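Numbers 1196 to 1247, taken from the numbering used here, label the letters of the sequence shown in order.
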Amino acid sequence: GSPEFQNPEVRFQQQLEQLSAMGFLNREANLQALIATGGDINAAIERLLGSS
(Lines of atoms letter the chains of each structure in order from A and count residues from 1; the text may use other names and numbers.)
(Lines give C-alpha, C1' and ligand atoms only; values in the text may rest on other atoms or scores of the structure.)
Protein backbone atom coordinates (compact mmCIF):
# COMPACT_ATOMS: atom_id res chain seq x y z
CA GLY A 1 0.00 0.00 0.00
CA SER A 2 2.25 2.78 1.28
CA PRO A 3 5.20 1.60 3.45
CA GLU A 4 8.26 3.59 4.52
CA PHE A 5 11.29 3.32 2.24
CA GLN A 6 13.33 3.90 5.41
CA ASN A 7 13.03 0.32 6.69
CA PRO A 8 15.71 -2.01 5.21
CA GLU A 9 13.02 -4.65 4.76
CA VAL A 10 11.65 -3.25 1.54
CA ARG A 11 15.21 -2.44 0.61
CA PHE A 12 13.81 0.15 -1.75
CA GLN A 13 12.33 -3.00 -3.34
CA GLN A 14 12.69 -1.95 -6.96
CA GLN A 15 15.62 0.33 -6.41
CA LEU A 16 17.17 -2.65 -4.63
CA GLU A 17 16.38 -4.80 -7.63
CA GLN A 18 18.81 -2.57 -9.51
CA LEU A 19 21.84 -2.47 -7.15
CA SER A 20 21.14 -6.14 -6.61
CA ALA A 21 20.98 -6.62 -10.37
CA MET A 22 24.65 -5.59 -10.57
CA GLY A 23 25.53 -8.57 -8.40
CA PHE A 24 25.17 -7.04 -4.94
CA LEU A 25 24.29 -9.34 -2.04
CA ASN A 26 24.42 -6.53 0.50
CA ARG A 27 20.72 -5.74 0.27
CA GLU A 28 20.67 -3.31 3.21
CA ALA A 29 23.55 -1.57 1.45
CA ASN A 30 21.43 -1.09 -1.67
CA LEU A 31 18.50 0.51 0.06
CA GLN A 32 20.82 3.02 1.62
CA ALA A 33 22.94 3.55 -1.43
CA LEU A 34 19.68 4.42 -3.13
CA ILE A 35 18.57 6.84 -0.40
CA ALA A 36 21.84 8.74 -0.63
CA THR A 37 21.73 8.67 -4.43
CA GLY A 38 18.12 9.89 -4.81
CA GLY A 39 17.46 7.20 -7.40
CA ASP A 40 20.86 7.33 -9.09
CA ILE A 41 21.39 3.61 -8.73
CA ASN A 42 24.16 3.69 -11.27
CA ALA A 43 25.91 6.41 -9.34
CA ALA A 44 25.22 4.18 -6.37
CA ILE A 45 26.77 1.13 -8.03
CA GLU A 46 30.07 2.94 -8.47
CA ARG A 47 30.03 4.40 -4.97
CA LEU A 48 28.71 1.30 -3.27
CA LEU A 49 31.38 -0.93 -4.72
CA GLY A 50 33.80 1.73 -3.54
CA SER A 51 33.69 1.20 0.21
CA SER A 52 30.35 2.09 1.81
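C-beta: ideal position from N, C-alpha, C; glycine also.
Option in the options with minimal Cα separation from residue i
i	options	result
residue 1204	1215, 1223 and 1243	1223
residue 1213	1247, 1201, 1236 and 1246	1236
Straight-line gap, residue i to residue j (C-alpha atoms, nearest Å)
i	j	result
residue 1199	residue 1220	22 angstroms
residue 1242	residue 1217	13 angstroms
residue 1234	residue 1210	7 angstroms
residue 1231	residue 1240	12 angstroms
residue 1227	residue 1196	21 angstroms
residue 1215	residue 1206	10 angstroms
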